[PDB]
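In this analysis, Cβ positions are derived from the backbone assuming ideal geometry, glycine residues included, and neighbour counts consider all displayed protein chains. None of the figures in this text is laboratory data; all of them are computed from the coordinates on show.
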Amino acid sequence: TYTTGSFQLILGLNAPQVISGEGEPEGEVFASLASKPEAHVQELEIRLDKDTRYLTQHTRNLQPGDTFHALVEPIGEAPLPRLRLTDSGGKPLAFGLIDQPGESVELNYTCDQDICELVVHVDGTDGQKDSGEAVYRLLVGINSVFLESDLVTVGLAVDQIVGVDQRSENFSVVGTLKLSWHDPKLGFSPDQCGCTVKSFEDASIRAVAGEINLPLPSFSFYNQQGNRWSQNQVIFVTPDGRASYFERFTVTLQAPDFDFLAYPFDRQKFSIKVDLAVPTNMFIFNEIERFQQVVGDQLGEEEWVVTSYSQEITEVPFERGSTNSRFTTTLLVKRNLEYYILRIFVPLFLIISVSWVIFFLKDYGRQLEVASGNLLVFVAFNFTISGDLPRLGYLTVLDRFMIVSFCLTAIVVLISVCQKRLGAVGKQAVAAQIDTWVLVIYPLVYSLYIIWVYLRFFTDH
Amino acid sequence: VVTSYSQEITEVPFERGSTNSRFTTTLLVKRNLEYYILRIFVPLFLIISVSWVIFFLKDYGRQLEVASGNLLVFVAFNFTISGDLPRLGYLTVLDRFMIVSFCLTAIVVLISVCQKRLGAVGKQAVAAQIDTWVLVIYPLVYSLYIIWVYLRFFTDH
Ligand SMILES: [Ca+2]
Ligand SMILES: [Cl-]
Ligand SMILES: [Cl-]
Ligand code: NA
Ligand code: NA
């Protein structure tokens with residue numbers, strides 16, 4: 001291909017030093033710049049929401065002697081906005097003149113210095129935003145009229161969800177980060193190295209920008225807690241201006257999108273947000289690279305499992321009207337449920353049934369002997385399981401079922417006492433009516449409780 | 001403990017066709033098993049049989065007092081050992097045996113209640129047939145469970 005960049009030209013007439021690399025200017029002048037001009041014109045439909053109501057676009061680079069025209073127009077019946085042109089420093093070079101009919105605010109300028117580096121402004125500063133949807137066609141021209149954000153393709157993949165802190169509403173994950181992006185200003189000329197590839201290893205895009213003193217697409221994991229353990233870190237740059245970043249990492253992230261209210265029947269969102277650290281006007285995320293399986297299927301492992309992974313490009317505001325790209329890889333998860341209903345629920349059931357079948361007995365002495373004894377087994381079992389249950393400072397559904405379960409088992413002891421007295425007073429057919437009396441209201445209440453909670457916690461009621 | 005160590009040279013792909021050497025030293029390991037079957041399995045057994053020999057009794061009153069009491073000892077023991085057992089968020093085979101073990105011990109309490117009422121209704125030779133009735137299906141079920149798991153978890157079935 002053709003190649004690009006800047007050069008130093010030494011021209012010599014009867015001067016053998018010039019072919020030796022040796023340019024010191026001397027003598028009488030013989031040469032210079034050799035010859036409407038070339039024109040460049042651009043469309044863009046700009047949009048002005050409540051969010052974004054001033055907008056500026058840096059122009060790219062006019063020669064002394066170049067003329068610049070720009071025109072705005074309303075898409076619907078939206079108001080005629082304020083137009084102006086300005087240098088990079090903000091000193092004004094023109095203003096918009098609203099036209100003969102009053103439909104287009106046009107502006108004009110031709111160029112003074114050997115660099116004119118112009119900036120176009122359009123504002124909807126004039127009125128209160130009524131529904132925040134007035135949008136404009138903007139025409140622009142000199143005689144790629146606007147200098148555009150270079151386009152980065154980002155990719156992410158997770159290998160291990162290695163920690164979840166349920167109390168502090170955060171988690172930890174191991175994964176792989178790739179950004180690939182074509183910027184000519186990066187360009188390596190080959191004869192220096194003697195290679196196609198230049199490598200920077202073990203440092204942060206930020207640090208390499210600082211070393212090179214140029215702009216690069218730096219980023220941060222948005223909710224990062226403390227430090228990240230990054231290995232196989234690297235950034236590759238070819239001659240072309242094609243560049244790539246590769247980083248396996250192990251990061252700890254705050255996710256207060258946790259809700260543990262329906263534990264263990266809760267489901268959760270692990271979101272891995274990757275924001276840039278430079279605005280939309282310099283770099284933006286343009287593609288998603290499916291460089292590997294996004295979520296890595298080791299299934300035996302099992303503690304939290306994965307429903308679906310959706311990873312997506314979105315632009316978010318930051319300070320100084322920093323609007324910048326954000327690459328959200330967000331895993332959907334649920335707990336391993338066999339662990340809960342087998343280890344917790346099944347046994348619990350049995351403890352509750354023991355209290356219900358001792359109502360059959362009619363030897364209230366013994367009914368109460370077992371009733372009381374089984375309450376201890378309940379409490380006993382309730383702290384067997386207290387380990388896999390986490391302390392948060394608020395009630396999960398399980399904690400809710402468990403209180404009710406205990407309360408019903410304690411009242412069987414209370415009822416059993418009641419009936420034993422009745423037995424020894426010789427109203428034993430009262431106490432036998434009671435026996436069969438409970439036998440049916442009582443497991444009816446467990447079942448109704450459950451229905452209550454399912455509706456209370458699961459059904460948008 | 002270590003079963004064998006095999007260490008080996010192999011080349012794997014990386015960034016921009018980086019194909020590079022990898023030196024894998026890979027140890028094979030197993031747990032110290034005496035610790036498990038002595039500390040966990042042997043005692044558990046004993047708790048299991050206590051429930052089976054109280055089926056012999058035919059004083060269902062007392063059968064049930066021991067039956068119930070021994071369930072607590074089971075739960076008690078099950079959390080003695082809860083320390084050396086690690087919380088993962090999913091069932092290991094031990095966790096599997098332990099649930100089944102507890103469930104069978106809870107139904108002895110349930111059966112013991114059943115038989116006691118039968119006794120006081122004066123169908124005591126029903127309840128005595130039951131006694132000998134379990135005595136044999138019940139430790140048959142532990143043994144079949146075990147066979148089930150060995151096949152479920154160990155034998156590529
Ligand atoms: Ca929250
Ligand atoms: Cl409790
Ligand atoms: Cl248990
Ligand atoms: Na984990
Ligand atoms: Na907290």
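Laid out as a table, the results:
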item: Within 10 Å of each Cβ in B:82-89, the average number of Cβ atoms from other chains; result: 4
item: Anchor A:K185: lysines whose Cα lies under 21 Å away (excluding residues fewer than 8 positions away in-chain); result: A:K198
item: Protection proxy ranking, peptides A:97-106, A:198-207, average beta carbon neighbours within 10 Å, highest first; result: A:198-207, A:97-106
item: Partner chain coverage, peptide B:106-114 - average Cβ within 10 angstrom; result: 5
item: Computed helical MRE - 222 nm, chain B, DSSP H runs ≥ 4 contributing -39500 (n - 2.57), nearest 500; result: -21000 deg cm²/dmol
item: Longest site-free stretch - chain B; sites: trypsin sites (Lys or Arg not before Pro), DSSP loop, at most 15 other Cβ within 10 Å; result: B:88-122
item: Among the listed pairs A:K420/B:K116; A:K427/B:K116; A:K129/A:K273, those beyond 28 Å (Cα-Cα); result: A:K129/A:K273
item: Relative exposure of A:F188, A:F359, judged by other C-beta atoms within 10 Å (fewest first); result: A:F188, A:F359
item: Long pairs among A:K269/B:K30; A:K50/A:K91; A:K362/B:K58, criterion Cα-Cα beyond 30 Å; result: A:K269/B:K30
